[PDB]
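Following: one structure in structure tokens, then a few remarks.
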Amino acid sequence: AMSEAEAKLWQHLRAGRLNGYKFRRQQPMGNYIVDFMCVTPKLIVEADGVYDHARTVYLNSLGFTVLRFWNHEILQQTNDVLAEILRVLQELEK
Ligand SMILES: [Cl-]
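With the authors' numbering applied, the sequence shown corresponds to residues 0, 26 to 73, 81 to 125, in that order.
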């Protein structure tokens, strides 16, 4: 299913809850499935428990910024994580 950290983060990102930005979860993109993805602006957010460099390169080639958080940040520093997601969204729009 979704990890504990992923489920905790989806409550905040679903249904346009983070300032109206629309995220979807577990979205296929080429060879990959990304945890959370907003199309406008183009942002992928992932939760991290070998780094796949080619994957990041591919997602960046499609125009997506990728933000990756440790599970412990999502679980114990959720407000700060949300603040950083929002900041990046707004930066990417501006
Ligand atoms: Cl993947």
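Every residue, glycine too, gets a C-beta built ideally from N, C-alpha and C.
{"Query": "Residue 72 vs residue 99 beta-carbon contact at 8 Å", "Result": "yes"}
{"Query": "Residue 90 and residue 68 closer than 8 Å at C-beta", "Result": "yes"}
{"Query": "Rounded separation between residue 56 and residue 42 - CA only", "Result": "25 Å"}
{"Query": "Proximity test, residue 68 beta-carbon vs ligand 1 heavy atom, cut-off 7 Å", "Result": "no"}
{"Query": "Distance cut-off 7 Å: residue 56 Cβ against heavy atoms of ligand 1", "Result": "yes"}
{"Query": "Residue range of the unbroken beta strand (DSSP E) whose run includes residue 42", "Result": "Looking at the DSSP string, residue 42 is not in any beta strand (DSSP E), and its letter there is neither H nor E."}
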